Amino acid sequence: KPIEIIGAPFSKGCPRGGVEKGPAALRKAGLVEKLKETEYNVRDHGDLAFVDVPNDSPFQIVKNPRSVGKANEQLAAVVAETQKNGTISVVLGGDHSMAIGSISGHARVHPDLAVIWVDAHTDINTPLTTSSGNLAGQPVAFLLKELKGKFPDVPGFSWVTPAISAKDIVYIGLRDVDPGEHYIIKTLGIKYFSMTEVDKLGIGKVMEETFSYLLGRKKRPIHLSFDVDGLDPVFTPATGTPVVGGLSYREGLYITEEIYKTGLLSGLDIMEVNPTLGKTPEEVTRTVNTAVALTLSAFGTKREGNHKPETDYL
């Protein structure tokens, strides 16, 4: 199978700059080279060059609307293209708002795709419920069908068409949800596994249930959108919105090795890796490293070991 790396050095989704340097740190860590050592075919599409939209006034509270909107539209295009060539797309980016384009793109080629959202937050704040204008915290609100019309159209996001419905997404790791975000996920009956459920069930059963929920009836493509802050700050400190009591390094990898086994991984996002937020070079390294392991894992790397077929090592 084919893999296509696509860097999304974008940070306008969050007021904190830095996440744009994420792709670099990741490539710099040996991601592309390491990936190539897998049973996969790796191609690097390079980092997308996003044109800034001058005098990008804020829509009500929403910040950098047109700039985010345009960057995503370009991402959706790119991804939609690789998806058209049946290759698996990997978006290494900055803030999570790029999930808009990554999925909206993926959807154009695979409308029946399921989404497993690993994050500490729901990121489903509609532009009317946000306490800030940060779009990085609103991706899902833009991807949901059940949310269309519930909030005023935003400048730059007219190209977007709700790609999936409430019954096609599953959150994992939630532990920092707003009153509105919470109201919404409950009101729409969106399946989710907060840290409380993971504690109760254990990541083992957790993954078991998410697969039976999403792949119970039909077997469709999987879009894993991984926000590195789905794990505990002790594993991925270098991020804009760290939250205590998260997923462990182990559960993170367990999540990715399962999705690998389903043979249905179609698209992956590795977001929020900000190298400029590590209190120490060890923390940045630490973040980049596990974020790479998550990617490698998704694509076949196993903790029990891996070996090439037809090779008699004895």
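Residues carry their position along the shown sequence, with the first being 1.
Which is higher on mean Cα B factor in this entry, 298-306 or 11-19?
Per the PDB entry, the higher value belongs to 11-19.
So, looking at the entry's B-factor column for Cα atoms, which has the higher mean, 177-185 or 151-159?
Higher of the two, by average CA B-factor, is 151-159.
Just to confirm, going by the entry's C-alpha B-factors, which of 251, 257, 272, 37 comes out highest?
Highest CA B-factor of the listed options: 37.
Taking the values straight from the PDB record, which of 130, 210, 102, 87 has the highest C-alpha temperature factor?
Largest recorded C-alpha B-factor: 130.
Going by the CA temperature factor in the PDB record, which third of the chain does residue 239 belong to: lowest, middle or highest?
Tercile = lowest for this residue's CA B-factor.
Using the temperature factors of the C-alpha atoms in this entry, rank residue 232 within its chain: lowest, middle or highest third.
Residue 232: CA B-factor falls in the lowest third of its chain.
Consider only the C-alpha atoms of the modelled residues in this chain, order them by B-factor as the entry records it, and name the third containing residue 199: lowest, middle or highest.
CA B-factor rank for residue 199: lowest third.
Should residue 82 be placed in the lowest, middle or highest third of its chain by the C-alpha B factor in the entry?
CA B-factor rank for residue 82: highest third.
Quick check on the deposited entry: does the C-alpha B-factor of residue 92 sit in the lowest, middle or highest third of its chain?
According to the entry, residue 92 has a C-alpha B-factor in the chain's lowest third.
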